[PDB]
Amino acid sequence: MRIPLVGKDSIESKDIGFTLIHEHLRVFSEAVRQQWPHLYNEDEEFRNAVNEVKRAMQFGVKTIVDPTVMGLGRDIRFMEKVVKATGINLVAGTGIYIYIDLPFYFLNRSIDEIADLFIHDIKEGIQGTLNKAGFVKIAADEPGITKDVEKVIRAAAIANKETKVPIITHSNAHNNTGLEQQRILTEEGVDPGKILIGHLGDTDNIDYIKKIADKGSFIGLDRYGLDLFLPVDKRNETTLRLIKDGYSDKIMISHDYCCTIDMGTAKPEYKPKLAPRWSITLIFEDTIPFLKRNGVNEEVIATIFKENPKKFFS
């Protein structure tokens, strides 16, 4: 059809339905898990992911896009288990997630070599399976656009032009990395409407967010629940403002929730402090009702969670 799904036949974009554009079933450092498996519990990770997905589906979620890639512990076999146990539409991706340098493997390897890896996942399949990647994920954070971060961005552009799959990014909302990602990608021939600039919800700087949307890319208000980056009420005020200003056409919303994450920051005794209400269904429990209370109609909600994702994968 058009959009590949983990453990299912691919579907036309018209069948995506209500979508969460940025959620993680599970995240871990590949090297750590590989060297110290005693630190992880496969059964527990599985129960948590299955339980989260089931609750999301009870609110009407039909598709989840999971941008777990190299550097975040992408595991296509774990994903297909969750799919088999829930019946969710799951879009997996390919890409590379780094802030500074690439793994030593890429020393003296061209940008084309890197792009070949993405294209392989898109055309052949992921990690020895026939499950194909439906988008490319790239990142940049506090260190900005370093040389290697820039190789990865250009590689994504190459993969997009060859395969037409969209691009999701991770960025730091406070240092201009999002704007730079969009610039570099679009200068390399990527259609701006095929890019989602991520974690823009981490800021309340409306002008910066409009600046990116105005250049034709989707804007990721995609960390709902992560108060440490920005409280739910601040995000809500920003989201409502953008909607009132007529930016529904570019807004995408999600939680960036990790049904499991191995970071030292994601410890249970830090949850009440940094992400008390953080879950894969927080937007149903708070954000969406807040928007409706403030005069946002059902057409707008549908545009954000249905039409936008559809255009993005079309």
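Counting begins at 1, following the sequence as shown.
233 to 241 versus 79 to 87: which one carries the higher mean Cα B factor per the record?
Per the deposited B-factors, the answer is 233 to 241.
When the C-alpha temperature factors are averaged for each of 129 to 137 and 109 to 117, which stretch ends up with the higher value in the entry?
Taking the mean C-alpha B-factor of 129 to 137 and of 109 to 117, the larger value falls to 109 to 117.
Could you check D43, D256, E52, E30 and tell me which one carries the biggest Cα B-factor in the deposited entry?
Max CA B-factor in the entry, restricted to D43, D256, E52, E30: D43.
Top Cα B factor in the deposited entry, candidates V296, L25, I21, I304
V296 has the highest C-alpha B-factor of those listed.
Based on the entry's values, in what third of the chain does the Cα temperature factor of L200 lie: lowest, middle or highest?
Middle third of the chain for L200's C-alpha B-factor.
Third assignment of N175 from its chain's C-alpha B-factors
Ranked within chain, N175 CA B lands in the highest tercile.
Which third of the chain does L226 land in by C-alpha B-factor: lowest, middle or highest?
According to the entry, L226 has a C-alpha B-factor in the chain's highest third.
Please place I206 in the lowest, middle or highest third of its chain by C-alpha B factor as given in the entry.
As the PDB entry reports it, the C-alpha B-factor of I206 lands in the highest third of its chain.
Thinking about Cα B factors across the chain, which third does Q34 belong to?
Its C-alpha B-factor, which the entry lists for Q34, ranks in the middle third among residues of this chain.
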